[PDB]
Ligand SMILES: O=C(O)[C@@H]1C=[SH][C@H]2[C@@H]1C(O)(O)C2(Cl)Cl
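In the block that follows, a single chain appears as structure tokens, in the form deposited without this ligand.
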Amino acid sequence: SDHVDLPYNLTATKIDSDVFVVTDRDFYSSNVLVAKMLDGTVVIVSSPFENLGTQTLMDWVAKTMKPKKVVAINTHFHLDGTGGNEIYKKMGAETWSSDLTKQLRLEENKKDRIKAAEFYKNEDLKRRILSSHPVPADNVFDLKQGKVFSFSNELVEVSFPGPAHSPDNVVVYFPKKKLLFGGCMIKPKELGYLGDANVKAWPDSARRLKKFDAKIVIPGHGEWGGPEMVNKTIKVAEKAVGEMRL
């Protein structure tokens, strides 16, 4: 069997030695990367949307990886990105995002909760959303400068290719495994939710991802693939630019 099932319909799939994709199937099949470094540090990129999914993920991480330390990197300000911060903190993980991601999270938190919960089209999901209280990351770097983590010389590179799915979207590259977590700016079929998107800039932003020697590219939603994920995304963004007359 090619996956393991967790509570709240999370799925964990192994894509490499020490690398898993955990997918929150209740909330739009949101992908979270979990990569164990050689020195025992567990790096988590993105998050499930809310507290029950995040707690389920961390339970599974503690059990299966026995991390010496966990570092969680928010990819953008949406809930698939910041929705895990509350539980990441409570479970002793070190949470990181860009400054802009933190600011947009704080701004989003001012919006009327009830109205914002209407996006969700099943009552249990709405309830879980309202039951959580998303917070920004505790640690912050400058968006345009990005940040390189070093775990005993194993590098994790976070960088900002430009606005696309959102103004703050960052990618996470692991040069050792040639792994790019492109997040929600990887859209090989259709762009999806446009509420924070910059469609006109998206082709150029995705194009900057081509410099990464990626064996595997992981999107925010749906199945992962190779370097071609980026090229498809550019084609998709460019088609949208055309249809919207931008």
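So that there is no doubt, residue numbering starts at 1 and follows the sequence shown.
Keep in mind that the form deposited with this ligand bound is missing from the display, and what follows is about it.
Residues within 4.5 angstroms of this ligand in the deposited bound form, judged by any non-hydrogen atom, belong to 188 to 196 and to none of the other stretches in 174 to 182, 51 to 59, 188 to 196, 33 to 41.
Exactly one listed residue, out of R207, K69, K200, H221, brings a non-hydrogen atom to within 4.5 Å of this ligand in the deposited bound form: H221. In the deposited bound form, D168 stays away from this ligand, with no heavy atom inside 4.5 Å.
Contact annotation: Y28 falls within 4.5 Å of this ligand in the deposited bound form, judged by heavy atom distances.
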